[PDB]
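Let's start with one chain on its own, the form deposited in one PDB entry, as structure tokens.
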């Protein structure tokens, strides 16, 4: 008897293209499929209707694509649902799916980070859908005073605007100082509010910049030299500062800031630079001489005030969050699946960082004990470690340590995680393991995805293909078939990586077989794969001249803009003195991808406690005509 199945994201978004993957397993001939979407539970209105035919030519696998529109039934903050119902010939397969009201992204750029009373705020709102492509929709824009009360409201459509909405607001001369806010949201998605802040303050631009950096990104609690810091002072036009610096340190304990008055030093700034040390004794004396170990996990901060020898200008800068550590590194398992397949390799994706959170390059890591597998971190701080697992339900405890040649054992980082065994259907011992090389992956490259099969050999030969699905930006980007021929425990899919895969993707794969008496068994796995962040296209601004010298005031100059054909480019020029006073809330591509990554509907690095958990944790529903399906997803946000 044929088993029909449908796979959708387990959070559906309105006004955005969603793909439903349809398969007729062990069916013959052409299978017509009608897919409809109704509101739950009323099922009165038809929200979407699409049809297709599954043929032997396409191996009885296809899809429909459709777009649930913004309706009156949607938008007291209760979760909304739709009923997705696929009819294969006459057999109905139904799944109730959670709906997200949020319909895209808004990004807000202000011309500057800080403003005086009596000046104008220039700002733009970029209106994109979930694929980051420009859309024309209606947005509400608010400007909020520091008390959080909207002073100005606007309603604009970005139709025929290429997703760019230029706006402005005049700051009155009599105004409250502090953090102002621009808030924007799509008209159809009022729950999702996008924001940026700008400061309103009385200031003049400084003539130079002060940079305060410790010689290491941490303070090692047994370093008897104390914490050494370099003070750099340079005029905005690049020349070195001559002057005097006042440097004072403090220790941060949670939210408590404790100044160290005995650390205050006055030093000369000669040729733009100076050095100052917080001594270990002054640090420990300053917190009433506990043992030094009690400071581990706290952080240090440094304030530097630089005065020009003329005394005609002054600039203060602070560096905070310098961790007090016993180790230069820390190990994270956030990218490693928390489930393993007993009897199969278990792959660890170890993330090593410096104490500031930046990735650590060329750090040796190794699994404690067993086969002594040892790897080196890439430029993205990631290293892959593979261990064999025995066929037992015994939970897997794994400890990873750094093996940095230059460090003592006490200074090496360590971290332990636990992985639980994937639970099989009917204690069948049938599994699937996906594997990938974890080197840094670029668009245009090919990624070999390994499909590894664990199945007893009497049943083995029945598995002739795997279905795989690629999730990206919370949609189904791609779905296909990976063939298999009997006796092949390992087959390889050559996955060509394109800019469509930025910033990361999930590959979900499953096979299905028939136990005798008709019982259907579904076996699934999944992996998460990072793609190096870049723009989908590209954009560069550079000089269109030869840099024989720096320009003089009023000089004409040619700007060279290199980008995608037909792109709309919007510009701003800002005096870097502005950023000496405030450098927060600037738009960057790294921030855009971070927003995209927070919004992922997949929630784990891969695998799951069972086939249903594999699908759900990667952001997918699975529903079959013979009853195999994912559980309801409880919340719009990922568990914690």
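Positions refer to the first chain, counted from 1. Heads up, when I say rigid core I mean the largest set of C-alphas that superpose within 1.5 Å between the two forms.
Keep in mind that the form deposited in another entry is missing from the display, and what follows is about it.
After superposition on the rigid core, the C-alpha displacement between this form and the one not shown reaches 2 Å or more for just one residue among 313, 521, 111, 460, namely 460. With a cut-off of 2 Å and the rigid core superposed, residue 487 has a Cα displacement that reaches or exceeds the cut-off between this form and the one not shown. Core-superposed comparison between this form and the one not shown: the CA of residue 370 exceeds or equals a 2 Å shift.
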